[PDB]
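Let me begin by presenting the structure, written as structure tokens, before commenting on it.
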Amino acid sequence: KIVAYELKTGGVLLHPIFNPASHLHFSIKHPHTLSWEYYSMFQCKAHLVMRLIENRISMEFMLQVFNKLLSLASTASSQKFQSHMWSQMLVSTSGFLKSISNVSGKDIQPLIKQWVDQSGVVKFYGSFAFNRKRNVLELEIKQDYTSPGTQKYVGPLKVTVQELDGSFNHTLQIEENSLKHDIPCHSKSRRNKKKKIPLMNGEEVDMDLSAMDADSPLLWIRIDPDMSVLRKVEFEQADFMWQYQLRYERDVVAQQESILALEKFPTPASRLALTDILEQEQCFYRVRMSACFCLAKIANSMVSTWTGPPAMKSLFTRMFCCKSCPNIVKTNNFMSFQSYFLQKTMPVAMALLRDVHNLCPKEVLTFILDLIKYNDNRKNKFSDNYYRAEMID
Amino acid sequence: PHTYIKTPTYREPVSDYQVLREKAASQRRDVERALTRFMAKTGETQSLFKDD
């Protein structure tokens, strides 16, 4: 939301100094002259910058800062002196930074100078190349700092590389003149023997390594995984790396960004990846709800190649319909709250299917109308208004 | 044994889940269509098309 708004119009400036922001058509000196979208993005950027301050100075020290502010205010709140002490209930920026420096011993003045006083987000364009001879991974990260909303980042940058030997984090120092970052790569001895490949968490899984390159061990790369800067990343992986990142990652933002990047690769391996995500309980439900729409877009792009039925129809009849009647939907029992959301989002994406003539097929429209006719809600303890409203959608 | 013995018969029962779902669905759709057409005809009405 904030990178869309700041690249759209100028930027949000937390803590201006009194104009400080002249790129935008109102004055930021008073709350009653702000646009309402600017007020919303102001609150949004403020809580993300506080998450960044928690990233630099750990969460228990952050809660100690907040407790110190509240305790000064509550010792202030019981005095009777007319504001000799009632102004300890008012916080400022300098007092907040001083309380942070009191509890932690680190000051955050570079982070405050970059993300508060400066009003911009950063844009990262990354591309990699694997050097087989020296066994290194040559990243190439360049910033677009000449757009109207952007600024230049010179700090450190975390990158997480999943190779066959596991998941390794690397810190890169991205100075102004930097372009190529050579990080080292590990072995490929988990392709010699079939062993399980260890993940970002402590677990390990069986991966189908037939799509991987023979010479490179690395399975996927993520630039800034923890969202530790206010950034927009445009990484150029290979399509099998996006499919491996969609399947076997233990991070929902990486699964979402792989869904978002698989729309450019309409190959049938990506259709198999999104269909395996859709069939998979123990995936987070908002990833499957995105995989519905991604599968609809991919299915629209590979017409005159699609083999069987329309996308997600057989999967809908496998998950939510009767075993004896495929075209009759099961009676509504909405007590699971994840297959309820997936059930009410799957025909909405299924209706974006189009034939070679650019018209929605009469197999999906008939399916949606049979979902509407055979709807029986006399048996669940929950209402049907959102599911029926999504059927109209 | 039409002459000394006898036994009763019953009507053919339709215990099929498919046709029971179809019967309940079509009866609900027909009664709600009849209700909404009756309530739109005996009151103030709007129309998506001109004089419809």
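A short reminder: the numbers here are calculations on the coordinates, not readings from a lab. Note that we place each Cβ from the backbone using ideal geometry, even for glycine, and neighbour counts take in every protein chain shown.
Within chain B, list the chymotrypsin sites (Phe, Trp or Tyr not before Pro) lying in a DSSP loop whose Cβ has at most 13 other Cβ atoms in a 10 Å radius. Intermediate values should be presented prior to the final figure.
Values: sites: B:4, B:10, B:17, B:38, B:49; in loops: B:4, B:10, B:49.
In loop regions of chain B (DSSP not H, G, I, E or B), the sparsely surrounded chymotrypsin sites (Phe, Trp or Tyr not before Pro) are B:4, B:10, B:49.
Whole-Hz ³J(HN,Hα) for each residue in region A:135-148, computed from phi via Karplus 6.51 cos²θ - 1.76 cosθ + 1.60 with θ = phi - 60°, x for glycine and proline: what do you get?
Karplus values, whole Hz, x for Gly and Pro: 6, 10, 10, 9, 7, 9, 10, 10, 10, 8, 10, 10, 5, x.
Return the loop-located chymotrypsin sites (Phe, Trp or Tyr not before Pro) in region A:313-357 (DSSP other than H, G, I, E, B) with at most 13 other Cβ atoms within 10 Å of their own Cβ; answer none if there are none. Could you put the intermediate results ahead of the total?
Details: sites: A:316, A:320, A:334, A:337, A:340, A:341; in loops: A:320, A:334, A:337.
Sites meeting the loop and neighbour criteria: A:337.
Which listed residue (A:13, A:137, A:43) has the Cα farthest towards the positive end of the charge dipole for region A:1-160, taking +1 on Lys and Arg C-beta and -1 on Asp and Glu C-beta about the Cα centre?
Sorting the options by dipole projection puts first A:137.
Out of the trypsin sites (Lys or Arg not before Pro) in region A:173-215, which ones are loop residues according to DSSP with at most 13 other C-beta atoms within 10 Å? Don't skip to the answer; put the middle values down first.
On the way: sites: A:180, A:188, A:190, A:191, A:193, A:194, A:195, A:196; in loops: A:188, A:190, A:191, A:193, A:194, A:195, A:196.
Passing sites in region A:173-215 are A:193, A:194, A:195, A:196.
Taking only Cα atoms, what is the 0 to 90° angle, nearest 10, from helix B:17-41's long axis to the longest principal axis of chain B?
30
Mind putting a number on the dipole of chain A about its Cα centre? Charges go on the C-beta only, +1 for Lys and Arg and -1 for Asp and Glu, and I need it in Debye to the nearest 20. Can you show the working numbers first?
Values: 48 positive and 39 negative charges, 132 e Å.
For chain A, the charge dipole is close to 640 debye.
Kindly write out, for region A:341-352 in residue order, the coupling ³J(HN,Hα) from the Karplus curve 6.51 cos²θ - 1.76 cosθ + 1.60 (θ = phi - 60°), rounded to whole Hz, with x marking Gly and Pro.
Once rounded to whole Hz, the list reads 5, 5, 5, 7, 9, 6, x, 5, 7, 5, 6, 7.
Would you mind computing the Rg to Rh ratio of chain A from its alpha-carbon coordinates, Kirkwood style for Rh? It would help to have the intermediate numbers written out before the result.
On the way: Rg = 26.0 Å, Rh = 25.0 Å.
We get a ratio of 1.04 for chain A.
If exposed means no more than 11 neighbouring beta carbons inside 10 Å and the site is in a DSSP loop, what's the longest run of chain B without any exposed trypsin sites (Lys or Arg not before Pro)? Present the calculation step by step, with values, prior to reporting the outcome.
Details: sites that count: B:6, B:11, B:50.
Within chain B, the longest run free of exposed trypsin sites (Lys or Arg not before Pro) spans B:12-49.
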